[PDB]
């Protein structure tokens, strides 16, 4: 009994659908895109052209909702990369010492991740994916949503899809503001922090011996410097490839051409390591760019009126500058927040509002982490009432940098920093007396003076051909 309609069948839509089918009799997923039968790019998820990191915090939730998915990804060529043992990272504060594993991430093409999650989700016969379908309107009124009116793209026929619960997971281009406007509801407060970040990506075939057991490599901006922030990330993915994504804020955006890409990876960022490694590899694709990098949040949970049976989650409610890599994990946390309110409240009145408030809490750490680091770049454009961003940003950055600095050279501080940065723990965890204690104890290793690559890692950058 009871039925749910999910708008958007991307990451949040698939995750929330898998959860919902354990609580309602049927789930219908409505998407305007066409869906490939295999792990291919598609127009509805254009960000899949760029490096995607699935931090442990999100990965564990994906596993809970769709168990066996992590192993299926690894079996398809995804990499499990330990953090910080599997990363060579020139942070704002210097090189990260590669301490033993504290957290992890899963590294693969977003196309493969999306295909795997969708295939696992649709194993549940009571979830149906309705492709090539437009979302026209929410049915019902401002007091209660009762479904959606859709248009079939092939036939042009419009029809009404009844639902006890509608979940908007249509992503960064969600039309929910319009949909809610047509209901008569007031417009939500919108908050944004826009650093002008632009991403540029190329795929490379790695040297054959480095197709496995190769680290994540990153060169980060120094957000404390009053200069445009530029970054470079090299990430292993399936089938012996490296995805390389460079980025820059206003005044340091990467160029669009193949040659400028390589020079940006060498000279536009603070250390040339990513430039040096891609020179060992074979380029497979030309530069793809994205500017879908604004931190944008819609405070739907604070609206004066909220209709029963409507919930918005994923990028549709809060989307981030992706250099921090939180979007998919934040959506996963938001799904568990809805599940928690469903378990407590079932379908009583109050459910949708309670879930919307719970979702706002679930994305808040990801929101604070991304905006607090973006707000310092030259030229940043903002619209906010958040005192964390307007006033208390000065000391929040003073304590962030003490922890960030000490995390590069102290195993206990690093463990706590990466627990938070992978969304495996909340921000209160940093106020644990033991963590503040380790911070005060400071570095236990020297600061590396060169990239902390292993000899065996660099040895696999050449074939050894040409030698008798």
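Heads up, when I say rigid core I mean the largest set of C-alphas that superpose within 1.5 Å between the two forms. Positions refer to the first chain, counted from 1.
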Exercise. Taking C-alpha RMS after core alignment, which stretch differs more from the shown form in 4 other deposited structures of this protein: 394-402, or 104-112?
Worked result: 394-402
Exercise. Between 384-392 and 147-155, where do the CA atoms move more in 4 other deposited structures of this protein, taking the root mean square over the structures and residues after a core fit?
Worked result: 384-392
Exercise. When the C-alpha temperature factors are averaged for each of 83-91 and 179-187, which stretch ends up with the higher value in the entry?
Worked result: 179-187
For this session: Quick one: say whether 328-336 or 129-137 has the higher mean Cα B-factor in the deposited entry.
Result: 129-137
Exercise. According to the deposited entry, which of 154, 365, 168, 194 has the largest Cα B-factor?
Worked result: 154
Exercise. Which of these, 241, 299, 110, 149, has its C-alpha atom at the highest B-factor, as the entry lists it?
Worked result: 149
Problem set entry | Where the record places residue 70 (Cα B-factor, split into thirds across the chain) | middle
Exercise. What third of its chain, lowest, middle or highest, does the C-alpha temperature factor of residue 8 fall into?
Worked result: lowest
Seminar exercise, completed: So, residue 306's CA B-factor, relative to its chain, sits in which third? The middle
Problem set entry | Ranked C-alpha temperature factor of residue 271 among modelled chain residues, by third | lowest
Exercise. Going by what the PDB entry lists, where does residue 259 fall on CA B-factor within its chain: lowest, middle or highest third?
Worked result: highest
